[PDB]
Amino acid sequence: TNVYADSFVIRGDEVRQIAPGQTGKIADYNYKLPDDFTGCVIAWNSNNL
Amino acid sequence: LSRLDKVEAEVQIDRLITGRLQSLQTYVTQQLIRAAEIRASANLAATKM
Amino acid sequence: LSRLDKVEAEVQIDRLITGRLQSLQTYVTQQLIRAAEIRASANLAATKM
Amino acid sequence: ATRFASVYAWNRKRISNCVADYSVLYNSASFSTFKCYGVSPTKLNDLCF
């Protein structure tokens, strides 16, 4: 019925912190994914960008 | 609850739900059988009366 | 089935297997006890006849 | 501390009779990983050991 695409940049160490229901500063203070999350997390290194 | 959070506190509470619901179901089954036995006894008593 | 593939899908399907087996077993136990009651009633009816 | 112990001689200290604050430690910058078992990182401020 609809898709939501959220875009941001983050530290490579912090890509471990984005999974749904996960804990950490980037989660509880910046962007929290809920427990009922159904979707896909995508990330790639962006040195040249 | 005062140690874990929802994502895994639910994992533990589900184990407890399974256990306690199974115990209560066993108790209710035993009580149904025993109540049938008492029903037979009461029918005998009424016939004797 | 249409969302989860195999390994992460069976983890959920077995939950339904457990739940529905429990429900069906409860139903069959209740029916056994009720059929025993009806057996007693039919025996009484035959004796009365 | 100036010097952490070698794993061959890992150091051990005991904490008793004090009031703690684990929030400031959990969110502090330098910490690459802070992961707990049997208790939640956000919950530590409401248990008494």
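Residue numbers (the deposited numbering), protein chains in the order written: chain E, 393 to 441; chain D, 981 to 1029; chain L, 981 to 1029; chain G, 344 to 392. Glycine included, every Cβ here is placed at the ideal spot set by N, Cα and C.
Measure from the alpha carbon of residue i to the alpha carbon of each residue in the options, then state which is nearest.
i: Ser373 of chain G; options: E:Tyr421, E:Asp398, E:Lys417 and E:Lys424; result: E:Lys417
i: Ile434 of chain E; options: E:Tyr423, E:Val395 and E:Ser399; result: E:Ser399
i: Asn439 of chain E; options: E:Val401, E:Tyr421 and E:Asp428; result: E:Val401
i: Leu996 of chain D; options: D:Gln1010, D:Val1008, D:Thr1009 and D:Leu981; result: D:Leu981
i: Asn422 of chain E; options: E:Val395, E:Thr393, E:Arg403 and E:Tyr396; result: E:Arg403
Give every residue of the same chain whose Cβ lies closer than 6 angstroms to the Cβ of residue i, excluding the five residues on either side of it in the sequence, and list them in chain order.
i: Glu406 of chain E; result: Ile418
i: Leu425 of chain E; result: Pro412
i: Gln409 of chain E; result: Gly416, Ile418 and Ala419
i: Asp427 of chain E; result: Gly413
Is there a Cβ from chain D that is less than 8 angstroms from the Cβ of residue i?
i: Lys386 of chain G; result: yes
i: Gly431 of chain E; result: no
Apart from the five residues on each side of it in sequence, which residues of its chain come closer than 8 angstroms, Cβ to Cβ, to residue i?
i: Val362 of chain G; result: none
i: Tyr1007 of chain L; result: none
Using a Cβ cut-off of 7 angstroms, pull out every chain E residue sitting near residue i, in sequence order please.
i: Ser375 of chain G; result: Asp405
i: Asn370 of chain G; result: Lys417
Go through its chain and collect everything with a Cβ distance to residue i's Cβ below 7 angstroms, but skip five positions before and after it.
i: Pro384 of chain G; result: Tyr369 and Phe377
i: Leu387 of chain G; result: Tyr365
i: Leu984 of chain L; result: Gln992
Could you work out which residues of chain G lie near residue i, taking near to mean beta carbons separated by less than 8 angstroms?
i: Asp985 of chain D; result: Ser383, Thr385 and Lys386
Could you name the residues of chain D that residue i contacts, counting a contact when the two beta carbons are closer than 8 angstroms?
i: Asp389 of chain G; result: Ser982
Along chain D, which residues have their Cβ under 7 angstroms away from the Cβ of residue i?
i: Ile1013 of chain L; result: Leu1012, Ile1013 and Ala1016
i: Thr1009 of chain L; result: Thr1009
i: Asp427 of chain E; result: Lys986 and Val987
Using a beta-carbon distance below 8 angstroms, is residue i in contact with chain L?
i: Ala1022 of chain D; result: no
i: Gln1005 of chain D; result: yes
- Task: Could you say if the segment 1008-1026 of chain L and the segment 354-361 of chain G meet the contact criterion of at least three C-beta pairs nearer than 8 angstroms?
- Result: no
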